[PDB]
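>
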Amino acid sequence: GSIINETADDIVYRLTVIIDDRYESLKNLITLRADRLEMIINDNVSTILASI
Amino acid sequence: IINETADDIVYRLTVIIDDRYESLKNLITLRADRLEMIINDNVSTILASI
Amino acid sequence: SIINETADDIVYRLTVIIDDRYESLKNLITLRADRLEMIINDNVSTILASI
Amino acid sequence: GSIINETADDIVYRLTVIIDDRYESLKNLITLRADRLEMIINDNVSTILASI
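Residue numbers (the authors' numbering), protein chains in the order written: chain D, 1 to 52; chain C, 3 to 52; chain B, 2 to 52; chain A, 1 to 52.
1) Skipping 5 residues on each side, what residues in its chain have a beta carbon closer than 6 Å to that of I3/A?
2) At which residues does the alpha helix (DSSP H) containing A8/C begin and terminate?
3) To the nearest whole angstrom, what separates the beta carbons of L37/B and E24/C, a pair I think is in contact under 8 Å?
4) When the cut-off is 8 Å and only beta carbons count, does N44/B lie next to chain C?
5) Applying a beta-carbon distance threshold of less than 9 Å, which residues of chain C neighbour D9/B?
6) Using 8 Å as the threshold, is the C-beta distance between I40/B and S51/A below it?
7) Would you decide whether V12/A is buried or exposed? Buried here means 16 or more other CB atoms lie within 10 Å of its CB.
8) When you compare the CB of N28/D with every CB in chain C, is at least one pair closer than 8 Å?
9) Give me the Cα-Cα distance between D35/C and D9/D, rounded to the nearest whole angstrom.
10) Which value, in whole angstroms, describes the spacing of the CA atoms of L49/A and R33/C?
11) Rounding to the nearest angstrom, what Cα-Cα distance links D20/A and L29/A in this structure?
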């Protein structure tokens, strides 16, 4: 009763922290590598146009 | 009770997982769409400049 | 026992949820990466054939 | 601990291994495809610059 649901709420909270923490890390890596690809791309097109 | 509680756990954590998965799915699609639009735009600029 | 049985059930069910969400994101990442690689290599060969 | 405490610990552990693994594979996948794109982009910019 006070144990079954406190152990239910505890499982959910503990796994929610794991899931949230892994998710935010994936969110940051996608944003990081996409931002990085776009600087690389923007720089290279600037270089090509400035070399023509 | 033991089964009602287990169903509650699986359900609640399944809402979390699906929400996180959905936002990542959207993020991947957004950034990939941006990249495809950026690459096409830039190549069209190069082609009109050579 | 009703405790271990229910625990194995929680793990199995949620593992399928996670695997499904994982394999779907794996496929999306591979797909969008594959397209971007093909768009780049197509567009570069187009430039090179035009210069 | 209690049986419910050791059972809840085993649920969280087994699902944390699953979550982490699927996370780690997506981490390596995103890094891999971003690296592949950058290798392609940089080969192609050096080919364009040497061709104009």
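All residues carry an ideal CB built from backbone N, CA and C; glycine is no exception.
So, from the data block:
1) What you label residue 3/A is simply residue 3 of the fourth sequence in a count that begins at 1. No residues qualify anywhere along the chain.
2) One-based indexing of the second sequence puts residue 8/C at position 6. Here the alpha helix (DSSP H) through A8/C covers 4-49.
3) As a working mapping, residue 37/B is identified with position 36 in the third sequence. As a working mapping, residue 24/C is identified with position 22 in the second sequence. No, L37/B and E24/C are not in contact; Cβ-Cβ is about 22 Å, not under 8 Å.
4) The residue labelled residue 44/B in the question sits at position 43 within the third sequence. Judged by the 8 Å Cβ criterion, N44/B is in contact with chain C.
5) Counting from one through the third sequence, the residue named residue 9/B turns up at place 8. Going along chain C, no residue has its Cβ under 9 Å from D9/B, so there is no contact; the nearest lies around 10 Å.
6) Here residue 40/B refers to the residue found at position 39 of the third sequence. Here residue 51/A refers to the residue found at position 51 of the fourth sequence. No. Outside cutoff.
7) On the fourth sequence, residue 12/A is found 12 positions in, with the first residue counted as 1. Under this definition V12/A is a buried residue.
8) Here residue 28/D refers to the residue found at position 28 when the first sequence is read from its first residue. It does not: the Cβ of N28/D has no partner Cβ on chain C nearer than 8 Å.
9) Locating residue 35/C in the second sequence gives position 33, where the first residue counts as 1. Locating residue 9/D in the first sequence gives position 9, where the first residue counts as 1. If you take the alpha carbons of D35/C and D9/D, they lie about 39 Å apart.
10) Within the fourth sequence, residue 49/A is the residue found at index 49, counting from 1. Within the second sequence, residue 33/C is the residue found at index 31, counting from 1. Taking the straight line joining both Cα atoms gives about 27 Å.
11) Within the fourth sequence, numbered from 1, the residue matching residue 20/A stands at position 20. Within the fourth sequence, numbered from 1, the residue matching residue 29/A stands at position 29. When rounded, the distance between both Cα atoms is 14 Å.
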